[PDB]
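# An overview of the molecular structure
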Number of protein chains: 2
Amino acid sequence: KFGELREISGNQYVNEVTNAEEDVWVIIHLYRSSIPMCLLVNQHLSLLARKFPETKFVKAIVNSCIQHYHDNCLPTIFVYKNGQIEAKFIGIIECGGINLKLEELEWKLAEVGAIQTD
Amino acid sequence: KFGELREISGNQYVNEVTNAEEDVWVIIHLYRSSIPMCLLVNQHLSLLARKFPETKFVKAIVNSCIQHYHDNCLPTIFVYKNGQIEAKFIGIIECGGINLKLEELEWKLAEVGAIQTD
Ligand code: NA
Ligand code: NA
């Protein structure tokens, strides 16, 4: 259905995330390449997108979404379904610390319902 | 408190509208200069801004808020309080027709609580 992690701009946010296909989970990562954790989080998300082609995976440089966003709120991951926020992970502690492995983020997104298999 | 109609970009939407000062009414006009009605609506909204300095009045070119936005949804006026949408006016018919005078926008914005003399 999907399968790959996608880069989007600020003005594509509403279309891709808030108005995403009905009943689809969207996982948007709000990021800055300047932050090592963001670089890492995207690594796992690229991989997780392929493993869960049913879930939508997008990412965006916060500067083109929300101006003057603070480093201490990064990384930011929001989980959406039907234009509603199902989960928020804001900052290092919530996104699961500076060391964060593939399977830990997988789990993180799982207990909240964002990704499933069959 | 405010007093003038102000131009914002897409990435200033979240800060200026969704996260606007608690209890403040925000009137955002999503527009394009190519559409006469929009030109006319900004005229009224500039004047109204000054008359109701308690209400926040902003305007923004949709192309930098939502990409691929359809002419037929213009003009778009959203009314916000505390990050929640109180009223939506989308397209010519709802923004009160091609002839639309200062006082009938005022009334329309007033009927739903956006502007006030106290
Ligand atoms: Na489900
Ligand atoms: Na009130």
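Anyway, here's the lowdown on the structure attached to this text.

Criteria and thresholds
- Counting of residues restarts from 1 for each chain and follows the sequence as written, so the numbers need not equal those of the entry; residues with no coordinates are not shown.
- The naming scheme follows written order: chains are lettered A onward, ligands numbered 1 onward.
- The basis for the side-chain values is all heavy atoms of the structure; hydrogens and waters are excluded.
- Copy-to-copy alignment rests on a least-squares fit of C-alpha positions.
- Should any heavy atoms of two residues lie within 4.5 Å, those residues are counted as being in contact.
- Stacked, tilted and edge-to-face are the three classes applied to pairs of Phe, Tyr and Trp rings, where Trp contributes its six-membered ring and a pair requires centres within 6.5 Å; stacked means planes under 30 degrees apart, edge-to-face means over 60, and tilted covers the rest.
- Each helix is a run of DSSP H or I of at least 4 residues and each strand a run of E of at least 2, with the numbering of both proceeding from the N terminus.
- Type-normalised accessible area, obtained with a 1.4 Å probe on protein chains alone, sets the label of each residue: buried when under 20%, exposed when over 50%, and partly exposed for intermediate values.
- Directions drawn from the helix axis to the C-beta atoms are what define this arc.
- Criterion used throughout: strands pair if DSSP finds at least two bridges between them.
- Whenever a helix is involved, its axis is fitted only over the stretch in contact; in every case the axis is a line through C-alpha atoms, and angles between N-to-C directions fall within 0 to 180 degrees.

Turning our eyes to something else, we now look at the relation of the copies chain A and chain B. With an RMSD of 0.2 Å, the fit of chain A onto chain B corresponds to turning through 180 degrees and sliding 0.0 Å along the axis. The transformation relating the two chain copies, once decomposed into turn and shift, fits a two-fold axis. It is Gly10 of chain A whose C-alpha, among those of chain A, lies nearest the rotation axis, at 3.5 Å. Of the residues that chain A buries at the interface, 100% are likewise interface residues in chain B, meaning the two copies contact each other through the same surface.

Within a pair of aromatic rings, the relevant descriptors are the distance that separates the centres and the angle that separates the planes. Residues and elements named next belong to chain A. In total, this model carries 4 aromatic pairs over all chains according to the counting rule given. Centre to centre, the rings of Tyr13 and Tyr80 are 6.1 Å apart; their planes meet at 75 degrees, and the pair counts as edge-to-face. Within this pair, whereas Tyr13 is found in helix α1 (residues 13–18), its partner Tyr80 is found in strand β4 (residues 76–81), the two being separated by 67 residues in sequence. Note on accessibility: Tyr13 and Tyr80 belong to one class, buried. Ring plane angle 80 degrees and centroid distance 6.3 Å describe the contact between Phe78 and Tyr80, whose orientation is recorded as edge-to-face. Three or more aromatic residues joined by ring pairs make a cluster, and in this case those are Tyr13, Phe78 and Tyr80.

On to helix α3 (residues 102–110) of chain A. Residues and elements named next belong to chain A. Considered for burial, the residues of α3 that qualify are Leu105, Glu106 and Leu109. Down the axis of α3, the buried set is contained in an arc of 105 degrees. They therefore lie on one face. Along its buried surface, α3 packs onto β2 (25–31), α2 (36–51) and β4.

To continue, consider the sheet that holds strand β5 (residues 84–90) of chain B. Residue and element names in this part refer to chain B. Here 5 strands make up an open sheet; going across it, the order is β1-β3-β2-β4-β5 and the pairing mixed. Strand pairing shows two members of the sheet lacking a second neighbour, β1 (6–7) and β5, which therefore form its edges. Summarising the sheet, strand β2 (residues 25–31) and strand β3 (residues 56–61) pair through 6 bridges and their orientation is parallel. Looking across to β3, one finds that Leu30 is bridged to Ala60. Docked against the sheet, helix α3 (residues 102–110) engages β2, β4 (76–81) and β5, running at close to 40 degrees with respect to β4.

This part is about the pairing of β3 of chain B. Residue and element names in this part refer to chain B. In terms of burial, β3 is a largely internal element, 5 of the 6 residues being buried. The pairing of β1 with β3 spans 2 bridges and is parallel. Within β3, the residue paired with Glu7 across the bridge is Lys59.

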